[PDB]
file my_file31.pdb (PDB, C-alpha atoms (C1' of nucleotides))
ATOM      1  CA  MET A   1       2.431 -49.502   8.923
ATOM      2  CA  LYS A   2      -0.738 -51.378   7.754
ATOM      3  CA  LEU A   3      -2.973 -48.370   8.383
ATOM      4  CA  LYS A   4      -5.838 -47.437   6.020
ATOM      5  CA  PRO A   5      -6.445 -43.791   5.085
ATOM      6  CA  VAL A   6      -8.811 -42.057   7.440
ATOM      7  CA  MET A   7     -12.067 -40.132   7.589
ATOM      8  CA  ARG A   8     -11.547 -38.656  11.030
ATOM      9  CA  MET A   9      -8.713 -39.296  13.370
ATOM     10  CA  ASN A  10      -9.802 -41.983  15.815
ATOM     11  CA  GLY A  11      -7.696 -42.654  18.914
ATOM     12  CA  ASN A  12      -6.759 -46.153  17.786
ATOM     13  CA  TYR A  13      -5.201 -45.023  14.501
ATOM     14  CA  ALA A  14      -3.820 -42.252  16.748
ATOM     15  CA  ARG A  15      -1.963 -44.925  18.846
ATOM     16  CA  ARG A  16      -0.596 -46.686  15.791
ATOM     17  CA  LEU A  17       0.378 -43.338  14.228
ATOM     18  CA  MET A  18       2.762 -42.162  16.918
ATOM     19  CA  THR A  19       5.341 -44.858  17.519
ATOM     20  CA  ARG A  20       8.931 -44.686  16.411
ATOM     21  CA  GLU A  21       8.254 -47.282  13.651
ATOM     22  CA  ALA A  22       5.523 -45.225  11.979
ATOM     23  CA  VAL A  23       7.817 -42.191  11.933
ATOM     24  CA  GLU A  24      10.783 -44.216  10.555
ATOM     25  CA  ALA A  25       8.404 -45.463   7.875
ATOM     26  CA  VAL A  26       7.548 -41.799   6.992
ATOM     27  CA  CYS A  27      11.256 -40.971   7.393
ATOM     28  CA  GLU A  28      11.939 -42.661   4.033
ATOM     29  CA  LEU A  29       9.669 -40.100   2.339
ATOM     30  CA  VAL A  30      11.248 -36.765   3.186
ATOM     31  CA  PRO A  31      14.508 -36.395   1.203
ATOM     32  CA  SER A  32      16.261 -33.945   3.614
ATOM     33  CA  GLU A  33      18.385 -35.944   6.055
ATOM     34  CA  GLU A  34      18.398 -33.162   8.619
ATOM     35  CA  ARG A  35      14.628 -33.196   8.836
ATOM     36  CA  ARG A  36      14.614 -36.961   9.435
ATOM     37  CA  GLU A  37      16.695 -36.337  12.525
ATOM     38  CA  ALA A  38      14.364 -33.517  13.573
ATOM     39  CA  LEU A  39      10.892 -35.069  13.375
ATOM     40  CA  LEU A  40      12.314 -38.404  14.521
ATOM     41  CA  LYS A  41      13.838 -36.920  17.653
ATOM     42  CA  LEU A  42      10.575 -34.964  18.093
ATOM     43  CA  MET A  43       8.528 -38.199  18.105
ATOM     44  CA  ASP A  44      10.849 -39.851  20.585
ATOM     45  CA  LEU A  45      10.366 -36.825  22.856
ATOM     46  CA  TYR A  46       6.638 -37.293  22.502
ATOM     47  CA  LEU A  47       6.793 -41.025  23.298
ATOM     48  CA  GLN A  48       8.701 -40.038  26.428
ATOM     49  CA  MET A  49       6.051 -37.549  27.600
ATOM     50  CA  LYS A  50       2.964 -39.569  26.534
ATOM     51  CA  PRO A  51       2.844 -42.149  29.349
ATOM     52  CA  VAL A  52       3.012 -39.279  31.861
ATOM     53  CA  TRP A  53      -0.628 -38.190  31.331
ATOM     54  CA  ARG A  54      -1.942 -41.345  29.685
ATOM     55  CA  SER A  55      -0.956 -43.788  32.372
ATOM     56  CA  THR A  56      -3.421 -44.198  35.229
ATOM     57  CA  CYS A  57      -0.991 -43.180  38.076
ATOM     58  CA  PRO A  58       2.426 -41.967  36.739
ATOM     59  CA  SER A  59       3.699 -41.696  40.307
ATOM     60  CA  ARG A  60       4.188 -45.486  40.242
ATOM     61  CA  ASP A  61       4.225 -46.961  36.730
ATOM     62  CA  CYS A  62       6.300 -44.231  35.011
ATOM     63  CA  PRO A  63       8.117 -42.020  37.608
ATOM     64  CA  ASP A  64      11.307 -41.148  35.635
ATOM     65  CA  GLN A  65       9.363 -39.809  32.641
ATOM     66  CA  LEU A  66       7.269 -37.777  35.102
ATOM     67  CA  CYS A  67      10.194 -36.155  36.903
ATOM     68  CA  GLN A  68      11.653 -35.234  33.471
ATOM     69  CA  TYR A  69       8.447 -33.882  31.933
ATOM     70  CA  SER A  70       9.109 -30.124  32.173
ATOM     71  CA  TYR A  71      12.637 -30.366  30.780
ATOM     72  CA  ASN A  72      11.500 -32.816  28.084
ATOM     73  CA  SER A  73       8.664 -30.509  26.992
ATOM     74  CA  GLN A  74      11.275 -27.756  27.007
ATOM     75  CA  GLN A  75      13.414 -29.545  24.403
ATOM     76  CA  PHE A  76      10.235 -30.198  22.488
ATOM     77  CA  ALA A  77       9.029 -26.566  22.413
ATOM     78  CA  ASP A  78      12.536 -25.312  21.589
ATOM     79  CA  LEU A  79      12.615 -27.784  18.673
ATOM     80  CA  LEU A  80       9.305 -26.569  17.295
ATOM     81  CA  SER A  81       9.934 -22.837  17.622
ATOM     82  CA  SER A  82      13.422 -23.415  16.125
ATOM     83  CA  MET A  83      12.991 -25.808  13.215
ATOM     84  CA  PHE A  84       9.242 -25.983  12.537
ATOM     85  CA  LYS A  85       8.517 -22.341  13.368
TER      86      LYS A  85
ATOM     87  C1'  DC B   1     -39.402 -57.853  93.406
ATOM     88  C1'  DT B   2     -34.236 -58.926  92.563
ATOM     89  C1'  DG B   3     -30.062 -62.156  93.341
ATOM     90  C1'  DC B   4     -28.184 -67.325  93.051
ATOM     91  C1'  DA B   5     -28.736 -72.283  93.902
ATOM     92  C1'  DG B   6     -30.345 -77.483  94.649
ATOM     93  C1'  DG B   7     -32.947 -79.915  91.372
ATOM     94  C1'  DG B   8     -36.885 -80.362  88.040
ATOM     95  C1'  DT B   9     -38.271 -80.466  83.011
ATOM     96  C1'  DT B  10     -37.411 -81.883  77.888
ATOM     97  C1'  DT B  11     -33.989 -82.200  74.804
ATOM     98  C1'  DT B  12     -29.503 -82.330  73.089
ATOM     99  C1'  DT B  13     -24.795 -84.879  71.551
ATOM    100  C1'  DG B  14     -22.369 -88.340  71.493
ATOM    101  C1'  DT B  15     -20.639 -92.563  72.628
ATOM    102  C1'  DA B  16     -21.445 -96.950  72.980
ATOM    103  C1'  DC B  17     -22.104-102.272  70.352
ATOM    104  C1'  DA B  18     -21.958-104.844  65.188
ATOM    105  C1'  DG B  19     -22.683-105.565  60.294
ATOM    106  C1'  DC B  20     -22.039-103.302  55.279
ATOM    107  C1'  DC B  21     -22.361-100.784  51.308
ATOM    108  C1'  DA B  22     -19.809 -96.634  48.549
ATOM    109  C1'  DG B  23     -16.568 -94.606  46.623
ATOM    110  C1'  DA B  24     -11.798 -93.048  47.236
ATOM    111  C1'  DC B  25      -7.162 -94.670  46.744
ATOM    112  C1'  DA B  26      -3.584 -96.452  43.349
ATOM    113  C1'  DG B  27      -2.093 -98.351  38.312
ATOM    114  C1'  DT B  28      -1.991 -97.757  33.578
ATOM    115  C1'  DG B  29      -1.295 -96.198  28.599
ATOM    116  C1'  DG B  30      -3.243 -93.209  26.668
ATOM    117  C1'  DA B  31      -7.141 -91.746  25.559
ATOM    118  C1'  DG B  32      -9.265 -87.382  24.060
ATOM    119  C1'  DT B  33     -10.268 -84.203  27.470
ATOM    120  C1'  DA B  34     -10.611 -79.071  28.871
ATOM    121  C1'  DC B  35      -8.563 -74.668  29.269
ATOM    122  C1'  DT B  36      -4.531 -72.063  27.857
ATOM    123  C1'  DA B  37      -1.835 -68.369  25.360
ATOM    124  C1'  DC B  38      -1.373 -66.303  21.060
ATOM    125  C1'  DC B  39      -2.429 -63.578  16.856
ATOM    126  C1'  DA B  40      -3.718 -59.139  14.550
ATOM    127  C1'  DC B  41      -6.925 -56.549  14.933
ATOM    128  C1'  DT B  42     -11.102 -53.869  16.244
ATOM    129  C1'  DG B  43     -15.029 -49.851  18.373
ATOM    130  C1'  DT B  44     -16.553 -45.784  20.676
ATOM    131  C1'  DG B  45     -14.875 -40.634  20.177
ATOM    132  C1'  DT B  46     -18.180 -36.677  14.036
ATOM    133  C1'  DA B  47     -19.453 -30.064  13.591
ATOM    134  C1'  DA B  48     -19.289 -25.420  14.568
ATOM    135  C1'  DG B  49     -17.023 -20.939  15.276
ATOM    136  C1'  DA B  50     -13.116 -17.072  15.021
ATOM    137  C1'  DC B  51     -10.106 -14.487  12.669
ATOM    138  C1'  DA B  52      -7.424 -12.258   8.865
ATOM    139  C1'  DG B  53      -7.388 -10.128   4.715
ATOM    140  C1'  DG B  54      -9.262  -9.023   0.713
ATOM    141  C1'  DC B  55     -12.193  -5.832  -1.938
ATOM    142  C1'  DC B  56     -16.320  -4.508  -4.081
ATOM    143  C1'  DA B  57     -20.805  -2.044  -3.037
ATOM    144  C1'  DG B  58     -22.595   1.941  -1.910
ATOM    145  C1'  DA B  59     -23.707   5.632   1.210
ATOM    146  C1'  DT B  60     -21.799  10.277   2.517
ATOM    147  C1'  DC B  61     -19.513  14.923   0.948
TER     148       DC B  61
ATOM    149  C1'  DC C   1       1.049 -45.533  28.647
ATOM    150  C1'  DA C   2      -7.526 -47.874  27.449
ATOM    151  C1'  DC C   3     -10.428 -51.901  27.234
ATOM    152  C1'  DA C   4     -13.142 -56.045  26.346
ATOM    153  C1'  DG C   5     -13.362 -58.265  23.200
ATOM    154  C1'  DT C   6     -12.723 -62.195  18.323
ATOM    155  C1'  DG C   7     -12.233 -67.491  16.455
ATOM    156  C1'  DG C   8      -8.920 -71.031  15.213
ATOM    157  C1'  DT C   9      -4.868 -73.363  16.724
ATOM    158  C1'  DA C  10      -1.339 -75.805  19.227
ATOM    159  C1'  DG C  11      -0.049 -75.783  23.198
ATOM    160  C1'  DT C  12      -0.523 -77.861  27.784
ATOM    161  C1'  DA C  13      -2.740 -79.798  31.312
ATOM    162  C1'  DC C  14      -6.017 -82.340  33.489
ATOM    163  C1'  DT C  15      -9.227 -85.953  33.933
ATOM    164  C1'  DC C  16     -11.466 -89.586  32.122
ATOM    165  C1'  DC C  17     -12.709 -95.404  29.551
ATOM    166  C1'  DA C  18     -11.202-101.759  31.619
ATOM    167  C1'  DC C  19      -8.918-104.982  34.839
ATOM    168  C1'  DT C  20      -8.660-105.507  41.490
ATOM    169  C1'  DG C  21      -8.493-105.373  46.370
ATOM    170  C1'  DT C  22      -8.618-102.741  50.272
ATOM    171  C1'  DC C  23      -9.872 -98.939  53.163
ATOM    172  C1'  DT C  24     -12.467 -95.525  55.935
ATOM    173  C1'  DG C  25     -16.698 -93.502  56.733
ATOM    174  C1'  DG C  26     -20.998 -94.198  57.507
ATOM    175  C1'  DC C  27     -25.804 -96.255  58.540
ATOM    176  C1'  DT C  28     -29.248 -99.550  61.785
ATOM    177  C1'  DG C  29     -31.994-101.516  66.543
ATOM    178  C1'  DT C  30     -31.510 -99.461  72.214
ATOM    179  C1'  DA C  31     -28.525 -98.398  75.910
ATOM    180  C1'  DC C  32     -26.088 -94.757  78.325
ATOM    181  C1'  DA C  33     -24.795 -89.765  79.658
ATOM    182  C1'  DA C  34     -23.531 -85.294  79.651
ATOM    183  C1'  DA C  35     -24.399 -81.053  78.004
ATOM    184  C1'  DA C  36     -28.327 -77.508  77.068
ATOM    185  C1'  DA C  37     -31.405 -73.953  78.573
ATOM    186  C1'  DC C  38     -35.611 -73.140  80.530
ATOM    187  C1'  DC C  39     -38.906 -73.004  84.670
ATOM    188  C1'  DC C  40     -39.676 -74.448  88.606
ATOM    189  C1'  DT C  41     -39.184 -73.849  93.702
ATOM    190  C1'  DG C  42     -36.091 -73.101  97.361
ATOM    191  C1'  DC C  43     -33.573 -70.076 100.474
ATOM    192  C1'  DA C  44     -31.745 -65.282 100.970
ATOM    193  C1'  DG C  45     -31.364 -59.190 100.409
TER     194       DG C  45
ATOM    195  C1'  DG D   1     -13.754  10.936  -6.298
ATOM    196  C1'  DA D   2     -12.936   7.814  -1.902
ATOM    197  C1'  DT D   3     -13.009   6.986   2.747
ATOM    198  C1'  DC D   4     -15.204   3.598   5.999
ATOM    199  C1'  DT D   5     -17.878  -0.120   7.319
ATOM    200  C1'  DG D   6     -19.681  -4.136   6.547
ATOM    201  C1'  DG D   7     -20.006  -7.685   3.255
ATOM    202  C1'  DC D   8     -19.460 -11.940   1.351
ATOM    203  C1'  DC D   9     -16.387 -15.101  -0.137
ATOM    204  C1'  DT D  10     -12.655 -17.109   0.605
ATOM    205  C1'  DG D  11      -9.668 -19.337   3.563
ATOM    206  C1'  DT D  12      -7.193 -21.042   6.885
ATOM    207  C1'  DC D  13      -7.326 -22.877  11.775
ATOM    208  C1'  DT D  14      -9.187 -25.945  16.031
ATOM    209  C1'  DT D  15     -12.604 -29.101  18.089
ATOM    210  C1'  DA D  16     -15.682 -32.022  17.062
TER     211       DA D  16
END
call {"tool": "encode", "arguments": {"input": "my_file31.pdb", "output": "structure tokens"}}
result
Amino acid sequence: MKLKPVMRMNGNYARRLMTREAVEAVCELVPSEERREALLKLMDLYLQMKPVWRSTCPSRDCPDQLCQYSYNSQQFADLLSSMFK
DNA sequence: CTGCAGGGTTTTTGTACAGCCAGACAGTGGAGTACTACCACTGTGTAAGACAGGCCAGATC
DNA sequence: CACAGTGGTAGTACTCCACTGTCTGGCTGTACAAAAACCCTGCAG
DNA sequence: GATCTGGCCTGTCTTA
């Protein structure tokens, strides 16, 4: 991912950290093939709910993510309390 | 005094002649001009407290 | 789904150096009017 | 002897 180790988490390294690529690069590390599925699907959920708050006005630029936010966060929370509990 | 109406005033606003210089037009073949994405990649978020469990110290009986 | 940068490049695009004629727009003397905006004075309430 | 409380020291978390 071409990302140096860090002192403090800055928002820039925080934008290059959560992307599907970064996760699929750290997917090679964890041997369990169930977990790959889990954290990977987790990250995709997060990418889906991120533009909701981070975009200036979600009502226009990202409406379909917005309407799905509650349900999406639901799958997310259920995934944490289930697998990562 | 107000109202409008002939004309005054001076001054605008342009058209009237006629000659003439300037720079735009258009060509070119391409010059080398100027302004363009594009490329990874960055800088600014910076210190305390709360809370759980241990367990030893030491007062109280 | 920050943002305002950061220099070199290759891209593109535009706009320039000579040869020429031709064109419109614009200036100069006074003459000639018609508008421009007062203030007059004139005639009326 | 042995409680309770507070202690420090650790010891993790969360924001910064």
call {"tool": "resolve_selection", "arguments": {"input": "my_file31.pdb", "expression": "the PyMOL selection byres ((chain D and resi 5) around 12)", "output": "number ranges by chain"}}
result
B: 57-59; D: 3-4, 6-7
call {"tool": "residues_around", "arguments": {"input": "my_file31.pdb", "residues": "residue 3 in chain B", "least_positions_apart": "4", "cutoff": "12 Å", "atoms": "all atoms listed in the file", "output": "list in words"}}
result
residues 43, 44 and 45 of chain C
call {"tool": "atom_distance", "arguments": {"input": "my_file31.pdb", "atom1": "CA of residue 48 in chain A", "atom2": "CA of residue 72 in chain A"}}
result
7.9 Å
call {"tool": "residues_around", "arguments": {"input": "my_file31.pdb", "residues": "residue 37 in chain B", "least_positions_apart": "5", "cutoff": "10 Å", "atoms": "all atoms listed in the file", "output": "PyMOL selection string"}}
result
chain C and resi 10-12
call {"tool": "atom_distance", "arguments": {"input": "my_file31.pdb", "atom1": "CA of residue 16 in chain A", "atom2": "CA of residue 4 in chain A"}}
result
11.1 Å
call {"tool": "decode", "arguments": {"input": "my_file31.pdb", "residues": "range 1-15 of chain D", "atoms": "N, CA, C and O atoms (P, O5', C5', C4', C3', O3' and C1' of nucleotides)", "output": "short mmCIF file (atom, residue, chain, number, x, y, z; two decimals), in the first residue's frame"}}
result
data_model
loop_
_atom_site.label_atom_id
_atom_site.label_comp_id
_atom_site.auth_asym_id
_atom_site.auth_seq_id
_atom_site.Cartn_x
_atom_site.Cartn_y
_atom_site.Cartn_z
P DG D 1 -1.90 -14.74 63.78
"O5'" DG D 1 -3.04 -14.78 62.63
"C5'" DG D 1 -4.27 -15.52 62.83
"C4'" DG D 1 -5.50 -14.61 62.83
"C3'" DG D 1 -6.01 -14.16 61.44
"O3'" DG D 1 -7.39 -14.56 61.25
"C1'" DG D 1 -5.80 -12.30 62.94
P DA D 2 -7.97 -15.01 59.81
"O5'" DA D 2 -8.92 -13.79 59.40
"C5'" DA D 2 -9.16 -12.72 60.34
"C4'" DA D 2 -9.68 -11.49 59.63
"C3'" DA D 2 -9.54 -11.53 58.11
"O3'" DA D 2 -10.70 -10.92 57.46
"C1'" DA D 2 -8.40 -9.64 58.95
P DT D 3 -12.22 -11.24 57.94
"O5'" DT D 3 -13.10 -10.92 56.65
"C5'" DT D 3 -12.65 -9.95 55.73
"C4'" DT D 3 -12.91 -8.54 56.24
"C3'" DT D 3 -12.74 -7.47 55.19
"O3'" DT D 3 -13.95 -7.34 54.46
"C1'" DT D 3 -11.77 -6.78 57.30
P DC D 4 -15.20 -6.49 55.02
"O5'" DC D 4 -14.83 -4.97 54.63
"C5'" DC D 4 -15.23 -3.88 55.46
"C4'" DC D 4 -14.28 -2.69 55.29
"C3'" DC D 4 -14.33 -2.00 53.92
"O3'" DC D 4 -14.94 -0.73 54.05
"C1'" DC D 4 -12.06 -2.32 54.67
P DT D 5 -15.26 0.11 52.72
"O5'" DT D 5 -14.01 1.08 52.57
"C5'" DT D 5 -13.69 2.02 53.59
"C4'" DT D 5 -12.31 2.58 53.35
"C3'" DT D 5 -12.13 3.16 51.94
"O3'" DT D 5 -11.53 4.45 51.96
"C1'" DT D 5 -10.45 1.53 52.36
P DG D 6 -11.67 5.41 50.67
"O5'" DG D 6 -10.28 6.10 50.57
"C5'" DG D 6 -9.42 5.96 51.61
"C4'" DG D 6 -8.10 5.46 51.09
"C3'" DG D 6 -7.72 6.02 49.72
"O3'" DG D 6 -6.49 6.86 49.84
"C1'" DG D 6 -7.40 3.62 49.85
P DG D 7 -5.75 7.54 48.58
"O5'" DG D 7 -4.55 6.56 48.30
"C5'" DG D 7 -3.82 6.02 49.38
"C4'" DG D 7 -2.83 5.01 48.85
"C3'" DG D 7 -2.43 5.28 47.42
"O3'" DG D 7 -1.33 6.14 47.41
"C1'" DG D 7 -3.15 3.02 47.59
P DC D 8 -0.94 6.93 46.08
"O5'" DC D 8 0.05 5.91 45.33
"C5'" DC D 8 1.07 5.21 46.08
"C4'" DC D 8 1.42 3.89 45.40
"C3'" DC D 8 1.87 4.04 43.96
"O3'" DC D 8 2.89 3.14 43.66
"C1'" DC D 8 -0.09 2.70 44.05
P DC D 9 3.93 3.51 42.50
"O5'" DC D 9 4.60 2.11 42.15
"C5'" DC D 9 3.90 0.94 42.50
"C4'" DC D 9 3.11 0.34 41.33
"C3'" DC D 9 3.45 0.84 39.92
"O3'" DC D 9 4.27 -0.15 39.28
"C1'" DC D 9 1.11 0.32 40.23
P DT D 10 4.62 -0.06 37.72
"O5'" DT D 10 3.53 -0.97 37.04
"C5'" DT D 10 3.16 -2.15 37.67
"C4'" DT D 10 1.79 -2.60 37.21
"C3'" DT D 10 1.64 -2.69 35.71
"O3'" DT D 10 1.18 -3.96 35.44
"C1'" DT D 10 -0.25 -1.64 36.65
P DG D 11 1.40 -4.57 34.00
"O5'" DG D 11 -0.04 -4.50 33.33
"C5'" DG D 11 -1.23 -4.42 34.11
"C4'" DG D 11 -2.32 -3.94 33.19
"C3'" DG D 11 -1.78 -3.52 31.79
"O3'" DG D 11 -2.62 -4.04 30.69
"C1'" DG D 11 -2.98 -1.74 32.76
P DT D 12 -2.02 -4.33 29.21
"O5'" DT D 12 -3.13 -3.71 28.24
"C5'" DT D 12 -4.43 -4.37 28.11
"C4'" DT D 12 -5.59 -3.40 28.37
"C3'" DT D 12 -5.83 -2.35 27.29
"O3'" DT D 12 -6.66 -2.89 26.24
"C1'" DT D 12 -6.01 -1.37 29.48
P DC D 13 -6.76 -2.18 24.79
"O5'" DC D 13 -7.93 -1.10 24.96
"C5'" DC D 13 -9.08 -1.40 25.79
"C4'" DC D 13 -9.83 -0.12 26.09
"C3'" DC D 13 -9.88 0.86 24.91
"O3'" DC D 13 -11.24 1.06 24.48
"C1'" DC D 13 -9.13 1.95 26.93
P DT D 14 -11.57 1.50 22.97
"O5'" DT D 14 -12.34 2.90 23.13
"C5'" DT D 14 -12.20 3.70 24.33
"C4'" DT D 14 -12.37 5.19 24.03
"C3'" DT D 14 -11.93 5.61 22.63
"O3'" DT D 14 -12.67 6.75 22.19
"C1'" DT D 14 -10.50 6.62 24.21
P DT D 15 -12.40 7.43 20.75
"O5'" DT D 15 -11.83 8.87 21.15
"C5'" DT D 15 -12.43 9.64 22.23
"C4'" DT D 15 -11.72 10.98 22.38
"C3'" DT D 15 -11.22 11.58 21.06
"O3'" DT D 15 -11.54 12.95 20.93
"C1'" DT D 15 -9.41 11.31 22.58
#
